[PDB]
Structures are given as C-alpha cells and as structure tokens.
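**Student:** Let me give you the structure first, and then I'll get to my questions.
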Amino acid sequence: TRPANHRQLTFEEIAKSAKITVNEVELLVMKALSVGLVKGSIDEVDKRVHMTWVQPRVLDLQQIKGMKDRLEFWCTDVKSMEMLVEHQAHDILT
Amino acid sequence: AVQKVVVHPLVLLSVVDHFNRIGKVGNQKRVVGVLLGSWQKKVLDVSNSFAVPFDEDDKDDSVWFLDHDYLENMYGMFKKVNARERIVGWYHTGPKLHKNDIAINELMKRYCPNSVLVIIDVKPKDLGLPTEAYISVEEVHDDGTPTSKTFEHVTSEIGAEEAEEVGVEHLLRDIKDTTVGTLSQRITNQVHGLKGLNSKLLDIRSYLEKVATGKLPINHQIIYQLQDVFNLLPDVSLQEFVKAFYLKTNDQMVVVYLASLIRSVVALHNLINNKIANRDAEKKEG
Amino acid sequence: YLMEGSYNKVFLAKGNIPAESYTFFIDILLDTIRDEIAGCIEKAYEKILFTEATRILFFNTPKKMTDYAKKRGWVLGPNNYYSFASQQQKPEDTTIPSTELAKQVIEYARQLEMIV
Amino acid sequence: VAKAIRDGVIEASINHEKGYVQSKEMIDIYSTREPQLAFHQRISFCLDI
C-alpha cells in the first residue's frame, strides 16, 4: 500500500492492523523475514521497521496505465539528456 | 550449457551473397543455411557455412521442404578438406523469428543435440549488432502443459582472426576512426548507450500500448518483471549519498589539477628550448 | 554612521543640525532607516517582547505599533513575536550540479583535445 | 551585530531578553561543493597558459 518513498512504518501501526499487542510483532516480522516473503531490516530501540522489497502480484488492466504513464515521463529525460550531450559537444567531432 | 557465441565476418559475407544470389532469381522472403564451428569450455565459435535448398509457402505456416541428401553429402565433402569443423546449428535471414523455427530445429537436432539458431539481418539500419543467438529449452509452469519448447537468448559478439583481421582492414579503406582517446571513449560509449536505452523503452512502450486497449492477452511474467524494474530505481535525494558523491568528486579533481600544472611546465620548457636553439641560426649565414 | 549598523547616533543628531532646517530629507532618511531596521529584526530572532520593539523603534505608544505590525504582518500576540527560517533549499540536492558540472567536464575535454 | 548578521558576515543569533550571543557552529567544508570551484578556476587557467 505505501509508496516507494517513505516506506518506514511503526510498531503501533502493525499492532492495530493485525489486532495484536506490540510484544509479538518482532517475531511476526522475523517470520516474514525467515521464509523470504519480504526483505528488509528492523530496529528495536526506536520501534521502527525499514521495509525494502516485497513479492510481486497480479493486478487488473486499469492499474498498468500507471506504469505506462511512468514510462511516458521517464523516456523524455533520456531523450533530453541525449539532445543536450549531443549539442554541447558538437565541435569535438562533427 | 552455452555462455557466449562468437561470429566471424566470413559467415556474414557468405550470408549476404547467398541472400543476393538466391533473391535475384525470385521474390523469396527467408533463406536457410547450416553453420560450422568449434567448442571450447562454454564458448562457441562459428567459422564458415554453406547454403541448402529450402522452400516455404506463405499460404500456411505448417508446410515447408528441406533437403536431407544435399546436407549430408555437402558435409561429407567439406569433411575431406578440413576435419576440425563440425555442424553446430543453422541460420535464417528472417527479420524476425517465425512459427516454423521450432519444427526445423527439431528436424535438424539429429545432427547436433545442442543446435544453436542464429538470425542475421541483411539490411540493418541502426548501430546494433546484426546477429541474434537462440537455444531451445523446455519450460514448465502451473497449467496447460508439463513442458513446452521455448527459445532462450544467448550473448553473441563478432570476433576476428589474424588473416580475417588483415583482410577486413584492407577492405575498410574509406572509414577509420578519427582519434583514439577521450573522443572514442565518450561518443562510442555514452551517446550510443542513450540511443539504445531510449529504443528499448520505446519498444516496451509499444507493447504496453498494445494491452488494455487492443488484443489484451494479459501475461503475468512481463508484469512481474516490470514491477521489479520500477522497484529497483535508486534515490538520489538522500543526504549521505550526496555527501559521499561530493567527497569523491572533490577527491578526484586534484589529480587533473596536478596534471594540468605539469603540462604547463613542460610547454614552457619546450618553448625555451626552441627559442634558444633557433636564435643561434641567423648569424651563421653572415 | 549609516554605512555600518550604528543607528542611535543618526536619530540623536537628527534633532541637532547647526546648518538650517534640513527637515525635508531627515524625514525620508528616518522612514528608510525605520523600514530597514524592521527588515533586519525579521531575521535571526524567534522570540522578542512587545515593548522591546517600541524601545528599538522610536514610536513609543502612539497606537502606531499595532498598525505598524499590520504593515509588517508578524504572527502572534501574547507580548511576543516569532519568525521561521528554512535555508535548506541549496543543500540536499545533487541534481542541480548534474548538468552544469557535465557541461564543465565537456568543456575541459573540448579544449583539451583540439588542434590549435 | 545585527547588521553584521544580516549581510551574512556571521551565522550567530542574539537573545535580546538574555543578552548573550549564541554562535552557530557548522564545519565540514570538504563535503561542500566549493573546493570543486576552487579547483576549476586554476584548472582552466593552467589549460589556457
């Protein structure tokens, strides 16, 4: 659910979502790290979890348009840098 | 199984002139031939090749004709002149792979259990390599079939031998690199990389456009790989990354500073030497 | 006196002129100086008492302090004022160099390998 | 002191209610961009000569 930016989440959020108290949540994430479902690292003194990689999943046809738009405004940066580098260093060889 | 394949220019020239001499007769679309080469470790080398009579109908993709006796006797005939070569696979000059490729590969897998398919483009228009290398394999998934035959790509490159190198050097009189230095290190590496990356992104754009409006055969492995791609982009706004970047750049510039200083000193020395040596030449004429 | 920050002498001498009236220009200088002192106080302070502004700026209690604060908005009352400063805009971004430094390196390469 | 602070001469702050001036300490100039410029200038000079 959370975006790639600001993926850090707290213990109390897990406690409320999973309907358990705090003292077990570590073990839960431990299990989630053991079987390789999710990859990350966990802190204890500050009650924070740093989540990094989660398994992919299937999704409908109205969600891939987001990836299409992301490619849309991704290709333009490459094109712009191409043009800038080509024009700036022209006389180095015609 | 196979890691890299190396292709000599001889087979490229043979492909080109075979295509020319067989397409001049009539309007054929695809031609087929068999390659010869060698193995060492996991690296494959291709040396030479010869053609073979092949026929295919555009009406249906399930009818085609090859010659067995021709291939057998021609291999036997090339055996008597050089015994080091051996059958390794085949090539077809189609712009893109066809449906019948699996059937032909199965047909001539008899002569080589590790046949490798090679596609050569006869009229390239870009800077990419003209050759593509594929190998058969059996793939397994959840439902539909326990195994299915599928091609997988293998890295290819163009090699050269000493005699071949001197021949191609004699043939390429007109075109030769201007300078070797930062020029060839920059344009031949960076701008071409931008070109290729943009082309790849455009192709994947096209495929994604084909979905959710048109045909729509939603495939899931492509989606998984797209998620993996879009998840692996690094973040360059982090403070520690910026600090490390600045530290390394500042560390690197001092060396260029020093080298420029040395060059200036050497230039001054050369100027002094020339002026002193040349001022003592006018009085000798009297 | 005006070139540096010393301002008390300016208003002290403004009531002491041996030449003539000169009142057509001292008022303009007073307005400009009061405006720039207001501008300066806005920086480097997060807390100040209300009467301290009346002491620093020579209008004592003419009701002009509240209208003057209407001119220079300020934030809070309770005999206090507050200001906020960021100044982190220039740091924490390496994208802004990414182009000008590329241009600089391209220039080095261009003037390093051309035959003159 | 205020006039000096405003033009960027120093980076300190003063408390009118208390009286003392609390200087701001921030040092790590090698991570700053400026050495790059301080080298760019001399590099360009040595390339011109």
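Naming scheme: A, B, ... for chains in displayed order of the structure tokens; residues 1 onward per chain; ligands 1 onward as shown.
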Output as a list in words the set of chain C residues within 8 Å of chain A, with distances taken over only C-alpha atoms.
**Tutor:**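 My answer is residues 103, 106, 107, 110, 113 and 114 of chain C.
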**Student:** Those selected residues, please, written with C-alpha atoms and delivered as a PDB file, in the first residue's frame.
**Tutor:**
```
ATOM      1  CA  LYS C 103      28.958  20.995 -19.183  1.00  0.00           C
ATOM      2  CA  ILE C 106      32.654  18.593 -21.594  1.00  0.00           C
ATOM      3  CA  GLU C 107      34.369  21.978 -21.878  1.00  0.00           C
ATOM      4  CA  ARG C 110      36.760  20.077 -25.752  1.00  0.00           C
ATOM      5  CA  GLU C 113      41.879  17.673 -27.464  1.00  0.00           C
ATOM      6  CA  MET C 114      41.531  20.242 -30.257  1.00  0.00           C
TER       7      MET C 114
END
```
**Student:** Using DSSP on the backbone coordinates, identify the residues of chain D assigned to helix (DSSP H, G or I); present them as a count of residues only.
**Tutor:** 23
**Student:** If we count only C-alpha atoms and set the cut-off at 12 Å, which residues sit around residue 105 in chain C, ignoring sequence neighbours fewer than 5 positions away in its own chain? Please answer as a PyMOL selection string.
**Tutor:** (chain A and resi 85+88-89) or (chain B and resi 182+186+249+253+256) or (chain C and resi 97-100+110-112) or (chain D and resi 36+40+43-44)
**Student:** Could you give me, as a list in words, the residues within 12 Å of residue 28 in chain D, counting only C-alpha atoms and dropping anything in the same chain fewer than 6 positions from it?
**Tutor:**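 Result of the neighbour search: residues 243, 246 and 247 of chain B; 34 and 35 of chain D.
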**Student:** Taking only C-alpha atoms into account, find every residue of chain D that has an atom no more than 9 Å from chain C, and write it out as a ChimeraX atom specification.
**Tutor:** /D:1-6,11-17,32,40,43-44,47-48
**Student:** Please build the interface table for chain B against chain D with a cut-off of 10 Å, listing for each qualifying residue the nearest atom pair and the distance in Å to one decimal; count only C-alpha atoms, order rows by chain and increasing number, and write it as a Markdown table.
**Tutor:**
```
| residue | atom | partner | partner_atom | distance |
| --- | --- | --- | --- | --- |
| B:242 | CA | D:31 | CA | 8.7 |
| B:243 | CA | D:31 | CA | 5.7 |
| B:244 | CA | D:31 | CA | 7.8 |
| B:245 | CA | D:31 | CA | 8.7 |
| B:246 | CA | D:31 | CA | 5.7 |
| B:247 | CA | D:31 | CA | 5.5 |
| B:248 | CA | D:31 | CA | 9.3 |
| B:249 | CA | D:36 | CA | 7.7 |
| B:250 | CA | D:36 | CA | 5.8 |
| B:251 | CA | D:36 | CA | 9.3 |
| B:252 | CA | D:36 | CA | 9.5 |
| B:253 | CA | D:36 | CA | 7.1 |
| B:254 | CA | D:39 | CA | 7.2 |
| B:256 | CA | D:43 | CA | 7.5 |
| B:257 | CA | D:43 | CA | 5.4 |
| B:258 | CA | D:43 | CA | 8.7 |
| B:259 | CA | D:43 | CA | 9.3 |
| B:260 | CA | D:46 | CA | 5.8 |
| B:261 | CA | D:46 | CA | 6.0 |
| B:262 | CA | D:46 | CA | 9.1 |
| B:263 | CA | D:46 | CA | 8.2 |
| B:264 | CA | D:46 | CA | 6.3 |
| B:265 | CA | D:46 | CA | 9.5 |
| B:267 | CA | D:49 | CA | 8.9 |
| B:268 | CA | D:49 | CA | 9.1 |
```
**Student:** As a list in words, list the residues of range 29-84 of chain A assigned to strand (DSSP E) by DSSP on the backbone atoms of this structure.
**Tutor:**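 Output for range 29-84 of chain A, strand (DSSP E) only: residues 38, 39, 40, 41, 42, 48, 49, 50, 51, 52, 53 and 54 of chain A.
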**Student:** Could you turn the residues from that selection into a file that holds N, CA and C atoms, as a short mmCIF file (atom, residue, chain, number, x, y, z; two decimals), in the first residue's frame?
**Tutor:**
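The resulting selection34.cif:
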```
data_model
loop_
_atom_site.label_atom_id
_atom_site.label_comp_id
_atom_site.auth_asym_id
_atom_site.auth_seq_id
_atom_site.Cartn_x
_atom_site.Cartn_y
_atom_site.Cartn_z
N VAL A 38 9.26 -11.19 2.44
CA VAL A 38 9.59 -9.77 2.37
C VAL A 38 11.02 -9.59 2.89
N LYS A 39 11.73 -8.63 2.29
CA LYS A 39 13.13 -8.37 2.60
C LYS A 39 13.26 -6.97 3.18
N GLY A 40 13.95 -6.88 4.31
CA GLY A 40 14.15 -5.59 4.94
C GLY A 40 15.00 -5.73 6.19
N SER A 41 14.86 -4.75 7.08
CA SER A 41 15.57 -4.74 8.35
C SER A 41 14.72 -4.03 9.38
N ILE A 42 14.97 -4.34 10.65
CA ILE A 42 14.11 -3.89 11.74
C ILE A 42 14.96 -3.30 12.86
N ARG A 48 10.77 0.99 15.02
CA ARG A 48 10.60 1.26 13.60
C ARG A 48 10.99 0.04 12.78
N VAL A 49 10.40 -0.06 11.59
CA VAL A 49 10.70 -1.11 10.63
C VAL A 49 11.04 -0.46 9.30
N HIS A 50 12.14 -0.88 8.70
CA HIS A 50 12.58 -0.38 7.39
C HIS A 50 12.32 -1.47 6.36
N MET A 51 11.24 -1.31 5.60
CA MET A 51 10.80 -2.31 4.64
C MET A 51 11.41 -1.98 3.28
N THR A 52 11.88 -3.01 2.58
CA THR A 52 12.62 -2.78 1.34
C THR A 52 12.01 -3.43 0.12
N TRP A 53 11.76 -4.74 0.15
CA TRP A 53 11.33 -5.44 -1.06
C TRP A 53 10.22 -6.42 -0.73
N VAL A 54 9.16 -6.41 -1.54
CA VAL A 54 8.02 -7.29 -1.35
C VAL A 54 7.75 -8.01 -2.66
#
```
**Student:** Between chain B and chain A, at 10 Å or less, what are the per-residue closest atom pairs and their distances in Å? Count only C-alpha atoms, order by chain and rising residue number, and return it as a tab-separated table.
**Tutor:**
```
residue	atom	partner	partner_atom	distance
B:178	CA	A:93	CA	8.6
B:179	CA	A:93	CA	9.7
B:182	CA	A:92	CA	9.9
B:183	CA	A:92	CA	7.5
B:187	CA	A:86	CA	9.1
B:190	CA	A:82	CA	9.2
B:191	CA	A:82	CA	6.6
B:192	CA	A:82	CA	9.3
B:193	CA	A:82	CA	9.5
B:194	CA	A:82	CA	6.2
B:195	CA	A:82	CA	7.5
B:197	CA	A:78	CA	7.9
B:198	CA	A:75	CA	6.5
B:199	CA	A:75	CA	9.4
B:200	CA	A:75	CA	9.9
B:201	CA	A:75	CA	6.7
B:202	CA	A:75	CA	7.7
B:204	CA	A:71	CA	8.8
B:205	CA	A:68	CA	7.0
B:206	CA	A:68	CA	9.8
B:208	CA	A:68	CA	6.7
B:209	CA	A:68	CA	7.8
B:211	CA	A:61	CA	8.1
B:212	CA	A:61	CA	5.7
B:213	CA	A:61	CA	9.2
B:216	CA	A:61	CA	9.0
B:218	CA	A:61	CA	8.2
B:219	CA	A:58	CA	9.5
B:220	CA	A:58	CA	6.7
B:221	CA	A:58	CA	9.4
B:223	CA	A:58	CA	7.6
B:224	CA	A:56	CA	5.8
B:225	CA	A:56	CA	8.7
B:226	CA	A:67	CA	8.2
B:227	CA	A:56	CA	6.7
B:228	CA	A:56	CA	7.6
B:230	CA	A:67	CA	8.3
B:231	CA	A:4	CA	7.5
B:232	CA	A:53	CA	9.2
B:233	CA	A:4	CA	9.7
B:235	CA	A:5	CA	8.8
```
**Student:** Using N, CA and C atoms, can you export the residues from the last selection as a CSV table (one decimal), in the first residue's frame?
**Tutor:**
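The result, stored in selection_23.csv:
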```csv
chain,number,residue,atom,x,y,z
B,178,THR,N,38.7,8.7,-36.2
B,178,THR,CA,39.5,10.0,-36.3
B,178,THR,C,40.6,9.9,-35.2
B,179,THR,N,40.2,9.8,-34.0
B,179,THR,CA,41.2,9.9,-32.9
B,179,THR,C,40.9,8.7,-31.9
B,182,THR,N,39.8,10.4,-25.5
B,182,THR,CA,38.5,10.8,-24.9
B,182,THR,C,37.4,10.8,-25.9
B,183,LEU,N,37.7,11.0,-27.2
B,183,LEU,CA,36.7,11.0,-28.2
B,183,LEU,C,36.1,9.7,-28.4
B,187,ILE,N,32.0,9.1,-27.2
B,187,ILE,CA,30.9,9.0,-28.2
B,187,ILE,C,30.5,7.5,-28.4
B,190,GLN,N,28.9,6.5,-24.6
B,190,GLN,CA,27.8,7.1,-23.8
B,190,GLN,C,26.6,7.4,-24.7
B,191,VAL,N,26.8,8.1,-25.8
B,191,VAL,CA,25.7,8.5,-26.6
B,191,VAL,C,25.0,7.3,-27.2
B,192,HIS,N,25.7,6.3,-27.6
B,192,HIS,CA,25.1,5.1,-28.1
B,192,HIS,C,24.3,4.4,-27.1
B,193,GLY,N,24.8,4.4,-25.8
B,193,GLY,CA,24.1,3.9,-24.7
B,193,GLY,C,22.7,4.6,-24.5
B,194,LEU,N,22.7,5.9,-24.6
B,194,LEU,CA,21.5,6.6,-24.5
B,194,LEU,C,20.5,6.2,-25.6
B,195,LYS,N,21.1,6.1,-26.9
B,195,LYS,CA,20.3,5.7,-28.0
B,195,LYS,C,19.6,4.3,-27.8
B,197,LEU,N,19.1,2.7,-24.9
B,197,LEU,CA,18.1,2.7,-23.8
B,197,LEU,C,16.8,3.3,-24.2
B,198,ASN,N,16.9,4.4,-25.0
B,198,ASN,CA,15.6,5.0,-25.5
B,198,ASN,C,14.9,4.1,-26.4
B,199,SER,N,15.6,3.4,-27.3
B,199,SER,CA,15.0,2.4,-28.2
B,199,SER,C,14.3,1.3,-27.4
B,200,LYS,N,14.9,0.8,-26.4
B,200,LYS,CA,14.3,-0.3,-25.6
B,200,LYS,C,13.1,0.2,-24.9
B,201,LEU,N,13.1,1.4,-24.3
B,201,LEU,CA,12.0,1.9,-23.6
B,201,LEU,C,10.8,2.2,-24.6
B,202,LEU,N,11.2,2.6,-25.8
B,202,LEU,CA,10.1,2.8,-26.9
B,202,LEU,C,9.4,1.5,-27.2
B,204,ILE,N,9.2,-1.2,-25.3
B,204,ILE,CA,8.3,-1.7,-24.2
B,204,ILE,C,7.1,-0.8,-24.1
B,205,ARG,N,7.2,0.5,-24.4
B,205,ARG,CA,6.1,1.4,-24.5
B,205,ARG,C,5.1,0.8,-25.5
B,206,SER,N,5.6,0.4,-26.7
B,206,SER,CA,4.7,-0.1,-27.8
B,206,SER,C,3.9,-1.4,-27.3
B,208,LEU,N,3.2,-2.2,-24.2
B,208,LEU,CA,2.3,-1.8,-23.1
B,208,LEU,C,1.1,-1.1,-23.7
B,209,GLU,N,1.3,-0.4,-24.8
B,209,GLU,CA,0.1,0.2,-25.5
B,209,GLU,C,-0.8,-0.8,-26.2
B,211,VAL,N,-1.7,-3.4,-24.9
B,211,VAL,CA,-2.6,-4.0,-23.9
B,211,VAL,C,-3.5,-3.0,-23.4
B,212,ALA,N,-4.6,-3.5,-22.7
B,212,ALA,CA,-5.6,-2.7,-22.1
B,212,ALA,C,-6.4,-1.8,-23.1
B,213,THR,N,-6.1,-1.9,-24.3
B,213,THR,CA,-7.0,-1.4,-25.4
B,213,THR,C,-7.3,-2.4,-26.4
B,216,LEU,N,-5.2,-7.6,-25.9
B,216,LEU,CA,-5.3,-7.9,-24.4
B,216,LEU,C,-5.1,-9.3,-24.1
B,218,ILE,N,-3.4,-10.7,-21.5
B,218,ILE,CA,-2.7,-10.3,-20.3
B,218,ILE,C,-1.7,-11.4,-19.9
B,219,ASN,N,-0.4,-11.1,-19.9
B,219,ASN,CA,0.6,-12.0,-19.5
B,219,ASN,C,1.2,-11.5,-18.2
B,220,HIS,N,1.6,-12.4,-17.3
B,220,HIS,CA,1.9,-12.0,-15.9
B,220,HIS,C,3.4,-12.0,-15.6
B,221,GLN,N,4.2,-12.7,-16.4
B,221,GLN,CA,5.7,-12.6,-16.2
B,221,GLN,C,6.2,-11.3,-16.5
B,223,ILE,N,4.6,-8.5,-16.3
B,223,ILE,CA,4.1,-7.6,-15.3
B,223,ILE,C,5.1,-7.7,-14.1
B,224,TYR,N,5.4,-9.0,-13.7
B,224,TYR,CA,6.3,-9.2,-12.6
B,224,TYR,C,7.7,-8.5,-12.8
B,225,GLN,N,8.2,-8.7,-14.0
B,225,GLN,CA,9.5,-8.0,-14.4
B,225,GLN,C,9.4,-6.5,-14.4
B,226,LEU,N,8.2,-6.0,-14.8
B,226,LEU,CA,8.0,-4.5,-14.8
B,226,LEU,C,8.0,-4.0,-13.4
B,227,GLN,N,7.3,-4.7,-12.5
B,227,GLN,CA,7.3,-4.3,-11.1
B,227,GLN,C,8.7,-4.3,-10.5
B,228,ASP,N,9.5,-5.4,-10.8
B,228,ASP,CA,10.9,-5.5,-10.4
B,228,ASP,C,11.7,-4.3,-10.9
B,230,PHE,N,10.6,-1.3,-11.9
B,230,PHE,CA,10.2,0.0,-11.3
B,230,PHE,C,10.5,0.1,-9.8
B,231,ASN,N,10.8,-1.1,-9.1
B,231,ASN,CA,11.1,-1.1,-7.7
B,231,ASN,C,12.6,-0.9,-7.5
B,232,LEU,N,13.5,-1.0,-8.5
B,232,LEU,CA,14.9,-1.0,-8.3
B,232,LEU,C,15.5,0.3,-8.6
B,233,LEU,N,14.8,1.4,-8.9
B,233,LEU,CA,15.3,2.7,-9.1
B,233,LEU,C,15.9,3.3,-7.8
B,235,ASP,N,17.4,6.2,-5.1
B,235,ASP,CA,17.0,7.5,-4.7
B,235,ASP,C,18.3,8.4,-4.5
```
**Student:** Set the cut-off to 8 Å and count only C-alpha atoms: what are the residues of chain C that reach chain B? Output as a list in words.
**Tutor:**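 Those within range of chain B come out as residues 92, 93, 94 and 109 of chain C.
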**Student:** Quote the spacing between CA of residue 54 in chain B and CA of residue 31 in chain B in Å to one decimal place.
**Tutor:**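 Pair CA of residue 54 in chain B / CA of residue 31 in chain B returns 6.8 Å.
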